[PDB]
Amino acid sequence: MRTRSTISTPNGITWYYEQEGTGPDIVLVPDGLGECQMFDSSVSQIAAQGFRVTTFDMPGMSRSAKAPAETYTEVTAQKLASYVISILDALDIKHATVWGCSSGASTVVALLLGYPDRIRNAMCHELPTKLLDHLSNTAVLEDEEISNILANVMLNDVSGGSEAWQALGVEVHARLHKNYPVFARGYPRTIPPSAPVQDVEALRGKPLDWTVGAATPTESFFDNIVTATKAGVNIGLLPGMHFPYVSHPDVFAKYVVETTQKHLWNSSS
Amino acid sequence: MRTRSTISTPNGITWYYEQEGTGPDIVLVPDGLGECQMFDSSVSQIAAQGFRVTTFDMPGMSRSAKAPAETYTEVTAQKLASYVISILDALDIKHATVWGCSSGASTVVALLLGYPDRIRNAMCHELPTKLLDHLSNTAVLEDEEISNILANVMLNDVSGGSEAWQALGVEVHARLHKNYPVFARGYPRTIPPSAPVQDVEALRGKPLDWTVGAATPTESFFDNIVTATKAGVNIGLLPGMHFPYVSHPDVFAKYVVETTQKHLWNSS
Ligand SMILES: C[C@H]1CCC[C@@H](O)CCC/C=C/c2cc(O)cc(O)c2C(=O)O1
Ligand SMILES: C[C@H]1CCC[C@@H](O)CCC/C=C/c2cc(O)cc(O)c2C(=O)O1
């Protein structure tokens, strides 16, 4: 029942994408590592509730690596939002609910603000607004040193579930290993300044639902809680840390389904 | 230069208290374990900046154990605030900056709201507003079981610095051993419903500075960040988790001094 295919957009990207189900569109945008197999279990659970679920590897990453250098260097939320709109156009997805974590969170907020006609509602998780010098500084290391250090960081610091993270398996981890240097060079210096949450009044009243991981150290996304509260945006927690779709796929799926259902009800009302 | 003494208040409590320094009064209210030796290093560092610093063991805890049962059972923020005002009265402290964590945070917000003429400014850290059934359920266990469970939770889960926690030393840990059952039976079922943060508008424009531990899991005090932001209260982070005065005593002392100095400037 799952479509697994490729599609090229006129900006030069050949995307790997997956699609399952029929009904209103839900689009799952990856975190900065750009790997959509992390959604595999949740895609089936969401689609089984009457939704068409689409996801894809991000440009330069995993199976979407056939892309121009512009699409994975000096990356901003606004560049990623333009890329996501390009694949939604190619797949004839006119109206979508969107989810994203990390750079995907910055992307879905940029999508909702920039393309309001196209986005039913956005779910953002752990949106990076601050530069982190220790992360930015990995960009000057050799590829194999970046891959070693960031594989260790993802497992031990932010996975929210070491058994589930390792259980992604060799094929996924081999793709992530090649993505770490692309991520490290392209994302950490340019994503946080692009954060589309600097104008709090622009967020007020928008169909946005914001989460942080329950186990994430308070300092990591303290600023997200403050910003969401100042904007009156619904803010809550998911179990785990940065990858709830890996650590707690059933809870993640239920959240996505219940939030989309809430916005479908409010759309008619 | 540290005074270490006792004082009796007419509510029946004989307090163990310490005091150091000369200048505006700063009062350090313990967390629910009620043990003021946790402030030892910070009391000297704060007093050295030109403050009279006072702290005390809480009623029924450590060296303030000579107290009526009502002061350490069915404990609320409003009861604790009334007890702290009693010791400030006895020590002739008319105007005070106050710090508290946990039940001490509930106490200092109840003090600022209930006794505004007495409180220059309050610093609250990690204020519990939710019942936690697993913690509440320790109340029905035997004393030795409560002490073993909670000693482990403090050391391994929420100290924010296990080496600094261990370094409080054998005497402090022997007092905490006896406090754990008193705390378990008197605090976790009654402190959260008494949280003086039900009325967001009552907090607005008050001289309150709120913190959460940087390493504390987001879910523990997520509600504090939301409430402070809704009330326009200054909200920030300290290093560590629930006991910054243990884990990071120099950062803690600098925060208490700089915050007190900010409110002394604004007062004038
Ligand atoms: C892969 C995730 C892990 C974040 C975990 C999060 O808990 C810790 C922060 C690590 C930084 C993540 C991040 C930072 C940026 O500036 C840009 C990004 O795209 C990310 C990002 O996508 O990082
Ligand atoms: C000793 C501290 C530890 C806080 C750890 C901090 O991480 C919060 C987790 C444990 C709950 C503590 C607590 C709960 C209450 O209902 C009442 C209280 O007075 C406390 C309290 O004072 O607990």
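**Student:** Mind laying out the overall build of chain A, listing which residues take part and the relevant values?
**Tutor:** For chain A, the count of helices and strands is eleven helices and eight strands. For 269 residues, the compact-globule estimate of 2.2 N^0.38 gives 18 Å, and chain A sits close to it at 17 Å. Here chain A, with 269 residues, has 57% of them falling under the buried criterion. In chain A, once contacts between residues fewer than 6 apart in sequence are set aside, the share between residues at least 24 apart is 76%. Of the roughly 10800 Å² of accessible surface on chain A, 53% is carried by carbon and sulfur atoms. Of note, chain A has its 19 positive side-chain charges centred 6 Å away from the centre of its 28 negative side-chain charges.

**Student:** Which residues make up the overall build of chain B, and what values go with them?
**Tutor:** On a plain count of helices and strands, chain B comes out with eleven helices and eight strands. In terms of principal-axis extent, the alpha carbons of chain B reach across some 55 × 40 × 35 Å. Every one of the 268 residues in chain B was classed for burial, and the buried ones make up 56%. Put simply, of all contacts in chain B between residues at least 6 apart along the chain, 76% involve residues at least 24 apart. Carbon and sulfur atoms form 53% of the exposed surface of chain B, whose accessible area is close to 10900 Å².

**Student:** Summarise the site of ligand 2; cite the residues concerned and give the values.
**Tutor:** All names here are of chain B. Neighbouring residues of ligand 2: 15 residues in total, closest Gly-32, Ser-102, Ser-103, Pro-192 and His-242. The side chain of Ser-102 places a nitrogen or oxygen atom 2.8 Å from an oxygen atom of ligand 2. Here an oxygen atom of ligand 2 sits 3.3 Å away from a polar atom, N or O, in the side chain of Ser-103. In isolation ligand 2 exposes 490 Å². Once the protein is present, 89% of that is buried. Taken together, the residues of the shell around ligand 2 break down into eleven nonpolar, four polar and no charged.

**Student:** Account for unusual backbone geometry, with residues named and values stated.
**Tutor:** Leaving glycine aside, a negative phi is the common case for residues, and trans is the common case for peptide bonds. At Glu-74 of chain A, a residue that is not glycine, the phi angle is positive and equals roughly 50°. Tracing the sequence through the fold places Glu-74 of chain A in the loop between β4 (52-56) and α2 (77-90). The class for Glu-74 of chain A is exposed, based on a relative accessible area of 60%. For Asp-92 of chain B, which is not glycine, the phi torsion reads 60° and is therefore positive.

**Student:** Just give me the short version of the sheet that holds strand β1 (residues 3-8) of chain A, but keep the residues and values in it.
**Tutor:** Residues and elements named next belong to chain A. Taken together, eight strands build an open sheet; the order of strands is β1-β2-β4-β3-β5-β6-β7-β8 and the sheet is mixed. Of all strands in the sheet, those with a lone pairing partner are β1 and β8 (234-238), marking the two edges. Going across the sheet, the axis of each strand differs from the next one's by a mean of 25°, ignoring polarity. Relative to strand β2 (residues 14-20), β1 is paired through six bridges, and the arrangement is antiparallel. Its bridge partner lying in β2, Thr-6 is registered against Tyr-16. Along the sheet, helix α1 (residues 40-47) makes contact with β1, β2, β3 (25-29) and β4, crossing β4 at roughly 160°.

**Student:** Got a sec to walk through the interface of chain A and chain B? Specific residues and values, please.
**Tutor:** Taken together, the 16 residues of chain A in the interface contact 16 residues of chain B. At the junction of chain A with chain B, the criterion picks out zero salt bridges. Those elements that place two or more of their residues in the side of chain A that touches chain B are β7 (208-213), α9 (218-231) and β8 of chain A. Among the elements that make up the side of chain A that touches chain B, the one with the highest residue count is α9 of chain A (seven residues). Here the residues of the side of chain A that touches chain B are counted per class, giving nine nonpolar, five polar and two charged.

**Student:** So what about the site of ligand 1? Which residues, and what values?
**Tutor:** Residues and elements named next belong to chain A. Near ligand 1 you find 15 residues, and of these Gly-32, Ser-102, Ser-103, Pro-192 and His-242 are the closest. The contact in question runs from an oxygen atom of ligand 1 to an N or O atom on the backbone of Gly-32, over 3.1 Å. Taking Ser-102, its side chain carries an N or O atom lying 2.8 Å from an oxygen atom of ligand 1. Contact with the protein chains covers 89% of the free accessible surface of ligand 1, which is 490 Å².

**Student:** I'd like to hear about the pairing of β2 of chain A, residue by residue, with values.
**Tutor:** If a strand is regular, its side chains alternate between the two faces of the sheet. All names here are of chain A. Burial within β2 is extensive, with seven of its seven residues counted as buried. Of the two faces of β2, the one lined by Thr-14, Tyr-16, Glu-18 and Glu-20 and the one lined by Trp-15, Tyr-17 and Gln-19 are each fully buried. Sheet topology places β2 next to β4; four bridges connect them, and they run antiparallel. Considered in β4, the bridge of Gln-19 is made with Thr-54.

Parameters at a glance
- Residues carry numbers counted from 1 along their chain as the sequence is written. These may differ from the entry numbering, and residues without coordinates are not shown.
- Key to labels: chains lettered from A, ligands numbered from 1, both in the order written.
- Remark: hydrogens and water are excluded; side-chain values derive from all non-hydrogen atoms of the structure.
- Every helix listed is a DSSP run of H or I at least four residues long, and every strand listed is a run of E at least two residues long, numbered separately from the N terminus.
- Throughout, radius of gyration means the C-alpha value; the globule benchmark is 2.2 Å times the number of residues raised to the power 0.38.
- Burial here depends on accessible area, computed with a 1.4 Å probe over protein chains only, as a share of the maximum for the residue type. Under 20% is buried, over 50% is exposed, and the range in between is partly exposed.
- Between two residues, a contact is recorded if the distance between any of their heavy atoms is within 4.5 Å.
- Per-residue and other accessible areas were derived by the Shrake-Rupley procedure at a 1.4 Å probe size, with only the shown protein chains allowed to occlude residues.
- Charge assignment: positive for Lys and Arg, negative for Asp and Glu; neither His nor the chain ends contribute.
- In plain terms, the charge of a residue is placed at NZ if it is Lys, CZ if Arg, CG if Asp and CD if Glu.
- The nearness test applies per residue and asks whether one of its heavy atoms lies within 4 Å of the molecule or strand.
- Any N or O atom pair separated by 3.5 Å or less is treated as a polar contact, with the protein-specific requirement of one donor-capable and one acceptor-capable atom, and with residues adjacent in sequence counted only for side-chain atom pairs.
- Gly is placed with the polar residues, together with every amino acid not listed as nonpolar (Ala, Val, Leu, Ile, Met, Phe, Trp, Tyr, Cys and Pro) or charged (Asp, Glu, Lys and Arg).
- Here the rule is simple: two strands pair whenever DSSP picks up at least two bridges between them.
- For helices, the axis comes from a line fit to the C-alpha atoms of the stretch in contact; other axes are also lines fit to C-alpha atoms, and the angle between any two N-to-C directions lies between 0 and 180 degrees.
- We count a salt bridge whenever a side-chain nitrogen from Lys or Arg sits within 4 Å of a carboxyl oxygen from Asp or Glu.

In short, shape yes, function no, at least from these values alone.
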